[PDB]
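Derivation of every value follows stated rules applied to the coordinates shown; laboratory data play no part. With ideal geometry, Cβ positions are generated from the backbone for all residues, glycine too; neighbour counts draw on all protein chains shown.
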Amino acid sequence: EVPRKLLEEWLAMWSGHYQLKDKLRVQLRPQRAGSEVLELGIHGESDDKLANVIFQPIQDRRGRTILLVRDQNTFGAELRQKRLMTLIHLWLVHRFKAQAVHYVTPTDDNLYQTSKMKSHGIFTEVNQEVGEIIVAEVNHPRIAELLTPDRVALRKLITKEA
């Protein structure tokens, strides 16, 4: 069972490294009442939503989980260019045991983020497919490396050493 607290621990190291304010909190709820679409939100001490991912975990015929991402944002400008969305996706992939992440709209920002996350290693392959969607296959060995309890690889991701 993968708690929100794990991402909060990562974000504590990250916020500290980048000399940002502390107390980033993780919320994961249905995006609206009764929905199976979820929203992961990152909130600051005054509850402002500083980043989010709106997505739905689904399964294919073979029982594999895909995260279908409707929207992602880094709202707070000071939080950008620091691999925040990589950390969020690392957590989401682990939480849902995802095999792939599909982005339903190929916006410039979604193309940017998927390409960048591939360069961080969390995806092996990123391509646009029929329907214009972006399909990103999870790099299971890299995910496992980053989740190692010693947090060495994870700290190096945070600082941009690796």
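Remarks
- Residue in the range 87-99 that is small (G, A, S), surrounded by 15 or more Cβ atoms within 10 Å (Cβ to Cβ) and over 18 Å from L38 (Cβ atoms) present: no
- Answer residue from the range 23-39, given it is in contact with a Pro (Cβ under 8 Å, 6 or more places away or on another chain) and part of a loop (DSSP other than H, G, I, E, B) and is nearest to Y103 (Cα to Cα) among those: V37
- Of all residues in the range 40-69, those being outside any loop (DSSP other than H, G, I, E, B) and loosely packed, with under 11 Cβ neighbours inside 10 Å number 1.
- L79 crowded, with 18+ Cβ neighbours inside 10 Å and in contact with a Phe, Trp or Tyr (Cβ under 8 Å, 6 or more places away or on another chain): no
- Any hit, the range 4-22, residues being under 17 Å from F55 (Cα atoms), touching a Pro at 6+ places or on another chain (Cβ under 9 Å) and not hydrophobic (A, V, I, L, M, F, W, C): no
- So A100, is it small (G, A, S) and either within 26 Å of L147 (Cα to Cα) or within 10 Å of the chain's Cα centre (by Cα) (or both): yes
- Matching residues in the range 124-139 - criterion: being out of contact with any helix residue (DSSP H, G or I) (no Cβ under 6 Å at 6 or more places or on another chain) and surrounded by 14 or more Cβ atoms within 10 Å (Cβ to Cβ): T124, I133, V135, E137, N139
- Evaluation of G34 against (1) farther than 16 Å from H94 by Cα; (2) surrounded by fewer than 16 Cβ atoms within 10 Å (Cβ to Cβ); (3) of a type outside the set (A, V, I, L, M, F, W, C); (4) touching a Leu at 6+ places or on another chain (Cβ under 8 Å) (one fails), failing number: (4)
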